[PDB]
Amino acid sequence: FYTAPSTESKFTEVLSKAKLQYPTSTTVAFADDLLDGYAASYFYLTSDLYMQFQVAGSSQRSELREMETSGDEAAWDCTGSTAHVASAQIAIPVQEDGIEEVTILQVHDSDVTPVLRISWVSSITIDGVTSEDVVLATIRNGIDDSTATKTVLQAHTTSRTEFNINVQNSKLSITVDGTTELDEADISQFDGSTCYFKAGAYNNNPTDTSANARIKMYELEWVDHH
């Protein structure tokens, strides 16, 4: 009894350009499955036309992974001259108790390193400054450097919010409701890597492994320009 996001034509293109992973990195629905009405408790269309992702457990996910319409996985030069842009309208609800961080958008390399995570966090301390209930950008300092550079982007609101990630020429920028919140951060540490976008709910370090993280997307798309 779940309505498929594919029933809304605003999602047809991105679903044609995606596959769905759940609850780990195994694909449960390819683009053709998604376009043919795939729906489940963890991925469905709400009555007010949000594509909602929901998942419980440590490091579990319900996430779309960027694909080419050809069925090739997206694997663009992370630092190349072609601009790659992801845009999304996202409504982050109040997370259930025990949910401490939920990653909603990523630039991920073609191995095991997230270039960029945009995530909601219950708390974060960045150079002696503690912020509570915010949206955060985390950019890994390298494949061999586990550390990352973190930047508060927005105070969490339940309101629908426009996010835009623009990646071009060794730099990455993020806008939130049209306002630049991260201005050409350097990602040259991923020279020689290939990259792709992801969107959904990725549940990081919950304290209640039973609680559900939940994220709603009113619009979502990813493109390139040559």
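Each residue number is its position in the shown sequence, starting from 1.
On average, are the C-alpha B-factors higher in 193-201 or in 53-61?
Mean CA B-factor is higher for 53-61.
Comparing 210-218 with 10-18, the one whose average Cα B-factor in the PDB entry is higher
Between 10-18 and 210-218, it is 210-218.
Options 46, 164, 168, 157 - largest CA temperature factor per the record
The record points to 157.
Taking the Cα B-factors listed in the entry, which of 138, 103, 81, 89 comes out highest?
Highest C-alpha B-factor among the listed residues goes to 81.
Record-listed C-alpha B factor of residue 110: chain third:
It belongs to the middle third of the chain when residues are ordered by C-alpha B-factor.
Record-listed C-alpha B factor of residue 181: chain third:
It falls in the top third of the chain.
Within this chain, which third does the Cα B-factor at residue 148 fall in: lowest, middle or highest?
Middle third of the chain for residue 148's C-alpha B-factor.
Entry-reported Cα temperature factor of residue 85, expressed as the chain third it lands in:
It belongs to the lowest third of the chain when residues are ordered by C-alpha B-factor.
When the deposited Cα B-factors of this chain's modelled residues are ordered and cut into thirds, is residue 121 in the lowest, the middle or the highest one?
Its C-alpha B-factor, which the entry lists for residue 121, ranks in the middle third among residues of this chain.
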